[PDB]
Amino acid sequence: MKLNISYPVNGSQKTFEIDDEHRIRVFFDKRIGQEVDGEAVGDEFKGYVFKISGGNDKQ
Amino acid sequence: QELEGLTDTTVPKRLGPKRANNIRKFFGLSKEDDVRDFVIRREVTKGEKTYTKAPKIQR
Amino acid sequence: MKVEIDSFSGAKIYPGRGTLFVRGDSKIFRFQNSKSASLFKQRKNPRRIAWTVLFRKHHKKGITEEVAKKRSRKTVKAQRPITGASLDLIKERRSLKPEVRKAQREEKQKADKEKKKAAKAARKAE
RNA sequence: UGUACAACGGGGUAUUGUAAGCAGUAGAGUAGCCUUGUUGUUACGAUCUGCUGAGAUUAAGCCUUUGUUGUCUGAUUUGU
RNA sequence: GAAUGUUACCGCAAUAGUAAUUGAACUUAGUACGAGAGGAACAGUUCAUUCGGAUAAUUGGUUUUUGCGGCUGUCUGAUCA
RNA sequence: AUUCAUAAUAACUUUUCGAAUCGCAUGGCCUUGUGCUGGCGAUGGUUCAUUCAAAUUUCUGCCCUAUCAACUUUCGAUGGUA
RNA sequence: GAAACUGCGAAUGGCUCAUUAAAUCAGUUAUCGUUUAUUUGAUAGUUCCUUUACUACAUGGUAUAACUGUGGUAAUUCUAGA
């Protein structure tokens, strides 16, 4: 899928296209407001923790 | 590890305050420090001429 | 193989098991067993049946999963660029709180110019 | 006279659908009380909630067992 | 089921009986054939019909498990049972 | 024509309204301070009135039918009290 | 001076005559039985709440659009995130 990730401190934002479904399966069964760490989905996001704010689906 | 597109780069707040007390708390000055001097101005280049358009002060 | 959920009891259905019912509005229901199917035919409600997941949910039994969402208390801690402020000079000017006598020094010349302009207008009126 | 057998028990899996008793500022409301109320308390009251996916039953043609207690020499017949 | 020396096991097989059946679709091919109209088949594959023999994982039925629960009337003083 | 208008007492209100608004002219007083006063307006606002209306409403008035003479009233139909 | 917010308006106008036969409607009354944006004219000295530091009254506070940029979907006067 795609991740629109925003670093509000600097005020920046960027898209990231992701594959490897069993990485992104972490996000499953979560609410908009919960947090997750990033090495589980990508080691580039090691030590990072993101919160969810929303999103869009197909259609 | 820092992300080239979000963490490394940083972006500006496109505007500054327009409200007086907002400025006073932005710079933490006083109830008396003559905010008219602490104004943010945005120089432009329409051509050879330039100007900064210090916006306004409501309240 | 997908593992489906009972429309009535919320229990889990493995393949080859239970039934599936299709109602005149083109809707689907999945039943694990003739028990659930029979109560559905008797048009009971699961919220009043005591062995159902919906019941246990609505009565908050085994509800130790969800706890709470905490409260955040933290400042921005980042002076961002105003894009016409030059954040270095902006920190220099936010640090210029003392020496406010320059404000009154400029106000003195401004007041002098005010009286000068009043006099000039009153004279040009003549 | 033993990875022996049985009867009981324990556990598993199943079925049903949340036991009795106790408590509750739950309860349609109603009588009565006096310290008269500043929820004032006492009696009635189907029912509801909690202890309670509890309790009960579970091999008679289910499974299993480091458990407890016992049983394990009676009669008859047969020959190239 | 007596008798074949007894008893037990593993087996041979004389004889007797016998069961599998039919169709459609796709492709073959709008090909062959024929002026055109129209219009096939063999092989292959997927299914089905009728019949039979077993089975009971699942679905369904059955329910004296009178297993669980509920309901009525009545009787056990009431409650429980 | 009134329990009208209005006023007064007792209180009540989760509390209403009572200008943190804006453009021009910029003027007068001085113990000359960014001192004190000061105009023409626009907007908005509580209530009364008015106007624009609106809703109900009085009286009287409507075509053919009797091969429609009985209708309404269960649960609103007529009226009364709240 | 585009855009966007705010305030107004969009309930006027225009079209048609299906329904509707004491219903509409006409003419005539009434509101001492009511609401009324708008106009128009009048119209708040009383609001510091233990109201002697409780206070900015040269005037108090938080958002948020537009905009920056990231994106979604086939599409729509769709939109989220920062």
# chains A, B, ... in the order shown; residues from 1 in each chain; ligands from 1
>>> residues_around(residues="stretch 22-25 of chain A", least_positions_apart="3", cutoff="12 Å", atoms="only C-alpha atoms (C1' of nucleotides)", output="list in words")
residues 1, 2, 3, 17, 18, 19, 28, 29, 30, 36, 37, 38, 39, 40, 41, 42, 43 and 45 of chain A
>>> write_last_selection(atoms="C-alpha atoms", output="mmCIF file, in the first residue's frame")
data_model
loop_
_atom_site.group_PDB
_atom_site.id
_atom_site.type_symbol
_atom_site.label_atom_id
_atom_site.label_comp_id
_atom_site.auth_asym_id
_atom_site.auth_seq_id
_atom_site.Cartn_x
_atom_site.Cartn_y
_atom_site.Cartn_z
ATOM 1 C CA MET A 1 0.000 0.000 0.000
ATOM 2 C CA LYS A 2 1.075 3.608 0.527
ATOM 3 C CA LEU A 3 2.002 5.517 3.673
ATOM 4 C CA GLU A 17 5.181 2.655 -1.293
ATOM 5 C CA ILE A 18 5.264 -0.630 0.605
ATOM 6 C CA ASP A 19 5.196 -4.326 -0.320
ATOM 7 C CA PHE A 28 -4.269 -4.685 11.008
ATOM 8 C CA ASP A 29 -6.879 -4.550 13.770
ATOM 9 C CA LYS A 30 -5.892 -1.098 14.998
ATOM 10 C CA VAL A 36 3.056 1.264 16.433
ATOM 11 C CA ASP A 37 6.836 0.982 16.128
ATOM 12 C CA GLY A 38 8.455 0.820 12.728
ATOM 13 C CA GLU A 39 11.099 -1.896 12.617
ATOM 14 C CA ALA A 40 8.340 -4.503 12.480
ATOM 15 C CA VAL A 41 7.210 -3.041 9.152
ATOM 16 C CA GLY A 42 10.595 -1.709 8.026
ATOM 17 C CA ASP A 43 14.023 -1.567 9.627
ATOM 18 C CA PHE A 45 11.873 2.870 10.690
#
>>> select_by_dssp(residues="chain B", states="helix (DSSP H, G or I)", output="PyMOL selection string")
chain B and resi 4-8+20-27+35-37
>>> residues_around(residues="residue C:91", least_positions_apart="5", cutoff="12 Å", atoms="only C-alpha atoms (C1' of nucleotides)", output="ChimeraX atom specification")
/B:26-28,38 /C:78-82,85-86,96-97
>>> residues_around(residues="stretch 58-60 of chain D", least_positions_apart="4", cutoff="9 Å", atoms="only C-alpha atoms (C1' of nucleotides)", output="PyMOL selection string")
(chain D and resi 14-15) or (chain E and resi 67)
>>> write_last_selection(atoms="N, CA, C and O atoms (P, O5', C5', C4', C3', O3' and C1' of nucleotides)", output="PDB file, in the first residue's frame")
ATOM      1  P     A D  14     -14.844 -29.720  22.418  1.00  0.00           P
ATOM      2  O5'   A D  14     -16.139 -30.598  22.200  1.00  0.00           O
ATOM      3  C5'   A D  14     -17.224 -30.409  23.069  1.00  0.00           C
ATOM      4  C4'   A D  14     -18.289 -31.452  22.908  1.00  0.00           C
ATOM      5  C3'   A D  14     -19.693 -30.944  23.174  1.00  0.00           C
ATOM      6  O3'   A D  14     -20.304 -30.407  22.021  1.00  0.00           O
ATOM      7  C1'   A D  14     -19.284 -32.797  24.536  1.00  0.00           C
ATOM      8  P     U D  15     -21.112 -29.034  22.125  1.00  0.00           P
ATOM      9  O5'   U D  15     -22.375 -29.437  22.985  1.00  0.00           O
ATOM     10  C5'   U D  15     -23.188 -30.505  22.551  1.00  0.00           C
ATOM     11  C4'   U D  15     -24.375 -30.710  23.450  1.00  0.00           C
ATOM     12  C3'   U D  15     -25.075 -29.453  23.924  1.00  0.00           C
ATOM     13  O3'   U D  15     -25.979 -28.944  22.972  1.00  0.00           O
ATOM     14  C1'   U D  15     -24.737 -30.899  25.743  1.00  0.00           C
TER      15        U D  15
ATOM     16  P     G E  67     -32.305 -38.253  32.326  1.00  0.00           P
ATOM     17  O5'   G E  67     -31.212 -37.114  32.248  1.00  0.00           O
ATOM     18  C5'   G E  67     -29.931 -37.415  31.747  1.00  0.00           C
ATOM     19  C4'   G E  67     -29.223 -36.200  31.222  1.00  0.00           C
ATOM     20  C3'   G E  67     -29.819 -34.864  31.589  1.00  0.00           C
ATOM     21  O3'   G E  67     -29.497 -34.461  32.905  1.00  0.00           O
ATOM     22  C1'   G E  67     -29.289 -34.885  29.308  1.00  0.00           C
TER      23        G E  67
END
>>> residues_around(residues="stretch 11-14 of chain B", least_positions_apart="3", cutoff="12 Å", atoms="only C-alpha atoms (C1' of nucleotides)", output="count of residues only")
30
>>> closest_atom_pairs(of="chain C", to="chain D", cutoff="9 Å", atoms="only C-alpha atoms (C1' of nucleotides)", output="CSV")
residue,atom,partner,partner_atom,distance
C:49,CA,D:17,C1',8.3
C:50,CA,D:17,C1',7.0
C:51,CA,D:53,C1',5.8
C:52,CA,D:53,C1',8.7
>>> write_last_selection(atoms="N, CA, C and O atoms", output="PDB file, in the first residue's frame")
ATOM      1  N   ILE C  49     -29.231 -13.677  24.683  1.00  0.00           N
ATOM      2  CA  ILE C  49     -28.719 -15.025  24.856  1.00  0.00           C
ATOM      3  C   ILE C  49     -27.368 -14.916  25.534  1.00  0.00           C
ATOM      4  O   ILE C  49     -26.528 -14.107  25.134  1.00  0.00           O
ATOM      5  N   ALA C  50     -27.145 -15.748  26.538  1.00  0.00           N
ATOM      6  CA  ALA C  50     -26.071 -15.483  27.478  1.00  0.00           C
ATOM      7  C   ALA C  50     -24.755 -16.122  27.085  1.00  0.00           C
ATOM      8  O   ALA C  50     -23.744 -15.865  27.743  1.00  0.00           O
ATOM      9  N   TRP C  51     -24.739 -16.945  26.049  1.00  0.00           N
ATOM     10  CA  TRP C  51     -23.526 -17.616  25.616  1.00  0.00           C
ATOM     11  C   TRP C  51     -22.956 -17.020  24.347  1.00  0.00           C
ATOM     12  O   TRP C  51     -22.159 -17.673  23.672  1.00  0.00           O
ATOM     13  N   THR C  52     -23.332 -15.794  24.022  1.00  0.00           N
ATOM     14  CA  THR C  52     -22.912 -15.180  22.784  1.00  0.00           C
ATOM     15  C   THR C  52     -21.874 -14.100  23.021  1.00  0.00           C
ATOM     16  O   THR C  52     -21.791 -13.483  24.087  1.00  0.00           O
TER      17      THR C  52
END
>>> residues_around(residues="residue E:51", least_positions_apart="2", cutoff="12 Å", atoms="only C-alpha atoms (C1' of nucleotides)", output="count of residues only")
6
>>> residues_around(residues="stretch 3-5 of chain C", least_positions_apart="5", cutoff="9 Å", atoms="only C-alpha atoms (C1' of nucleotides)", output="list in words")
residues 10, 11, 12, 13, 14, 15, 30, 31 and 32 of chain C
>>> write_last_selection(atoms="N, CA, C and O atoms", output="mmCIF file, in the first residue's frame")
data_model
loop_
_atom_site.group_PDB
_atom_site.id
_atom_site.type_symbol
_atom_site.label_atom_id
_atom_site.label_comp_id
_atom_site.auth_asym_id
_atom_site.auth_seq_id
_atom_site.Cartn_x
_atom_site.Cartn_y
_atom_site.Cartn_z
ATOM 1 N N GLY C 10 -21.168 -15.142 16.866
ATOM 2 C CA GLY C 10 -19.822 -14.623 16.787
ATOM 3 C C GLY C 10 -18.735 -15.668 16.835
ATOM 4 O O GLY C 10 -17.559 -15.322 16.679
ATOM 5 N N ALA C 11 -19.083 -16.928 17.048
ATOM 6 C CA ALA C 11 -18.084 -17.974 17.099
ATOM 7 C C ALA C 11 -17.433 -18.159 15.742
ATOM 8 O O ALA C 11 -17.824 -17.541 14.749
ATOM 9 N N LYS C 12 -16.438 -19.036 15.706
ATOM 10 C CA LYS C 12 -15.659 -19.248 14.503
ATOM 11 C C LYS C 12 -16.146 -20.484 13.778
ATOM 12 O O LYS C 12 -16.605 -21.446 14.396
ATOM 13 N N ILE C 13 -16.034 -20.448 12.459
ATOM 14 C CA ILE C 13 -16.496 -21.515 11.595
ATOM 15 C C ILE C 13 -15.323 -21.982 10.766
ATOM 16 O O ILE C 13 -14.721 -21.198 10.025
ATOM 17 N N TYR C 14 -15.021 -23.219 10.882
ATOM 18 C CA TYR C 14 -14.067 -23.871 10.021
ATOM 19 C C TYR C 14 -14.787 -24.517 8.853
ATOM 20 O O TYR C 14 -16.007 -24.682 8.880
ATOM 21 N N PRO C 15 -14.067 -24.880 7.799
ATOM 22 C CA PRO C 15 -14.739 -25.285 6.566
ATOM 23 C C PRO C 15 -15.499 -26.585 6.719
ATOM 24 O O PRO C 15 -15.201 -27.408 7.584
ATOM 25 N N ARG C 30 -24.203 -16.707 8.353
ATOM 26 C CA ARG C 30 -23.439 -17.926 8.532
ATOM 27 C C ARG C 30 -23.655 -18.448 9.932
ATOM 28 O O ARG C 30 -23.496 -17.715 10.908
ATOM 29 N N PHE C 31 -24.005 -19.718 10.019
ATOM 30 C CA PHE C 31 -24.302 -20.360 11.278
ATOM 31 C C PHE C 31 -23.320 -21.486 11.501
ATOM 32 O O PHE C 31 -22.989 -22.221 10.574
ATOM 33 N N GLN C 32 -22.856 -21.611 12.733
ATOM 34 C CA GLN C 32 -21.981 -22.715 13.073
ATOM 35 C C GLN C 32 -22.754 -24.005 13.224
ATOM 36 O O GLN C 32 -22.242 -25.073 12.878
#
>>> atom_distance(atom1="atom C1' of residue D:21", atom2="atom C1' of residue D:51")
10.8 Å
>>> closest_residue(among="G:39, G:59, G:31, G:70", to="residue B:59", atoms="only C-alpha atoms (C1' of nucleotides)")
G:59
>>> atom_distance(atom1="atom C1' of residue D:74", atom2="atom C1' of residue E:8")
24.6 Å
>>> interface_residues(of="chain E", to="chain C", cutoff="10 Å", atoms="only C-alpha atoms (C1' of nucleotides)", output="count of residues only")
4
>>> decode(residues="stretch 12-31 of chain A", atoms="N, CA, C and O atoms", output="CSV table (one decimal), in the first residue's frame")
chain,number,residue,atom,x,y,z
A,12,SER,N,7.3,18.4,7.6
A,12,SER,CA,7.4,17.7,6.4
A,12,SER,C,6.5,16.6,6.2
A,12,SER,O,5.8,16.1,7.2
A,13,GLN,N,6.4,16.0,5.0
A,13,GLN,CA,5.6,14.9,4.7
A,13,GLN,C,6.0,14.2,3.4
A,13,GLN,O,6.6,14.9,2.6
A,14,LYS,N,5.8,12.9,3.3
A,14,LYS,CA,6.3,12.1,2.2
A,14,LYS,C,5.5,10.8,2.1
A,14,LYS,O,5.0,10.3,3.1
A,15,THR,N,5.4,10.4,0.8
A,15,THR,CA,4.8,9.1,0.5
A,15,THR,C,5.9,8.0,0.5
A,15,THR,O,7.0,8.2,0.2
A,16,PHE,N,5.4,6.8,0.9
A,16,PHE,CA,6.3,5.6,0.9
A,16,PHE,C,5.4,4.4,0.3
A,16,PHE,O,4.4,4.1,0.9
A,17,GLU,N,5.9,3.8,-0.7
A,17,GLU,CA,5.2,2.7,-1.3
A,17,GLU,C,5.8,1.4,-0.7
A,17,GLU,O,7.0,1.2,-0.7
A,18,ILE,N,4.9,0.5,-0.2
A,18,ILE,CA,5.3,-0.6,0.6
A,18,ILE,C,4.7,-1.9,0.0
A,18,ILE,O,3.6,-1.9,-0.6
A,19,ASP,N,5.5,-3.0,0.1
A,19,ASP,CA,5.2,-4.3,-0.3
A,19,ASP,C,5.5,-5.2,0.9
A,19,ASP,O,5.6,-4.7,2.0
A,20,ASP,N,5.6,-6.5,0.7
A,20,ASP,CA,5.9,-7.5,1.8
A,20,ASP,C,4.8,-7.4,2.8
A,20,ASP,O,5.0,-7.0,4.0
A,21,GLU,N,3.6,-7.9,2.4
A,21,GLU,CA,2.4,-7.9,3.2
A,21,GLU,C,2.6,-8.2,4.7
A,21,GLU,O,1.9,-7.6,5.5
A,22,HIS,N,3.4,-9.2,5.0
A,22,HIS,CA,3.6,-9.6,6.4
A,22,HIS,C,4.4,-8.5,7.2
A,22,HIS,O,4.6,-8.7,8.4
A,23,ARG,N,4.9,-7.5,6.5
A,23,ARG,CA,5.3,-6.3,7.2
A,23,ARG,C,4.2,-5.5,7.7
A,23,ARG,O,4.0,-5.2,8.9
A,24,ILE,N,3.3,-5.1,6.7
A,24,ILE,CA,2.2,-4.2,7.0
A,24,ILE,C,1.1,-4.8,7.8
A,24,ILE,O,0.2,-4.1,8.2
A,25,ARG,N,1.1,-6.2,7.9
A,25,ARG,CA,0.0,-6.8,8.7
A,25,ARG,C,0.0,-6.4,10.1
A,25,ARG,O,-1.0,-6.6,10.8
A,26,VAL,N,1.1,-5.7,10.6
A,26,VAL,CA,1.1,-5.2,12.0
A,26,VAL,C,-0.1,-4.2,12.1
A,26,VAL,O,-0.8,-4.2,13.2
A,27,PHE,N,-0.3,-3.3,11.1
A,27,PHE,CA,-1.3,-2.3,11.3
A,27,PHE,C,-2.7,-2.9,11.4
A,27,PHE,O,-3.6,-2.1,11.8
A,28,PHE,N,-2.9,-4.1,11.0
A,28,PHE,CA,-4.3,-4.7,11.0
A,28,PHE,C,-4.9,-4.7,12.4
A,28,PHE,O,-4.1,-4.9,13.4
A,29,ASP,N,-6.2,-4.5,12.5
A,29,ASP,CA,-6.9,-4.5,13.8
A,29,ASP,C,-6.4,-3.5,14.7
A,29,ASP,O,-6.2,-3.7,15.9
A,30,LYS,N,-6.3,-2.3,14.2
A,30,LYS,CA,-5.9,-1.1,15.0
A,30,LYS,C,-6.9,0.0,14.7
A,30,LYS,O,-7.6,0.0,13.8
A,31,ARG,N,-6.8,1.0,15.6
A,31,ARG,CA,-7.7,2.2,15.6
A,31,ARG,C,-6.9,3.4,15.2
A,31,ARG,O,-5.7,3.5,15.4
